[PDB]
């Protein structure tokens, strides 16, 4: 059985936060929401790793980029485009790019350009529009028993946290909001805000991780946001078999929620929120007329309910599995 196609999602690399903690004066060196040099490096290294896997080990992809062999589609954000570019700088690194004339590089250092398309900003495929996302949470998540129970447990800390950080804190949603800033601060080795102990920072960060993952423990929520992309990825697999497409890989450059909503849709929701440059791959294998699929997340295979002891299932079985999810929602 040989690997014949992969569909992949990444979360972007390390970025600045989206907003500030009111009572801290952090300086990021990068504009809000933008990918940092650290984030470029993370994606670049993921690219190098993917080269070792999909080029060197499996030989699915060649050492020099073949035009139209990879379809790359990004959400409409700078960080996801730059993340995909950085990753592709690892997958097809300097030295492998095209030559002109008598073996002279088309671009200095033999860089390899690989096209990246972006969705429109209003597309719901990779990044669910924020207001619609929050509306989904308000309706399906915030009043769920699990969210209410966790709110009750965390609630006695809200007043203290609000007074320390300055930002409004009146529910788990607000905890997640400031939690992302603290995650970025920690990732950049910044000191704690004055009066926020490490213990408290740890609690806020833990609640943030818990909250993000909890949202997608609901398959219904996951499907609303991720059903479209999950269907599309499986259709990509089908297209590598039915002759509709000649791509060796489709790559969707996305966000933490993109990974969460797909894993959640497939009925294997993540226990923890995806870190920077987290990634999932649907791998399609061929042995004559037998097609098999495996699902890899952050370097480890994942067993869907329909999979055998070897974390594998037929592509037919995956189609039937997805079909039933579609019918369910």
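Numbering follows the first chain given and starts at 1.
Look at the C-alpha B-factors of 139 to 147 and of 91 to 99. On average they run higher in 139 to 147. Stretches 271 to 279 and 287 to 295 differ in mean C-alpha B factor, with the higher average recorded for 287 to 295.
Considering 167, 198, 86, 157 together, the PDB entry gives 157 the largest C-alpha B factor. Within the group 16, 9, 306, 21, the record's highest C-alpha temperature factor is found at 306.
Annotation for residue 105: C-alpha temperature factor in the middle third relative to the rest of the modelled chain, per the entry. The PDB entry assigns residue 246 a C-alpha temperature factor belonging to the highest third of its chain's modelled residues. For residue 133, the recorded CA temperature factor ranks within the highest third of the chain's modelled residues. Looking at the C-alpha B-factors along this chain, the one for residue 264 belongs to the highest third. Residue 162: CA B factor lies in the middle third for its chain, per the PDB record.
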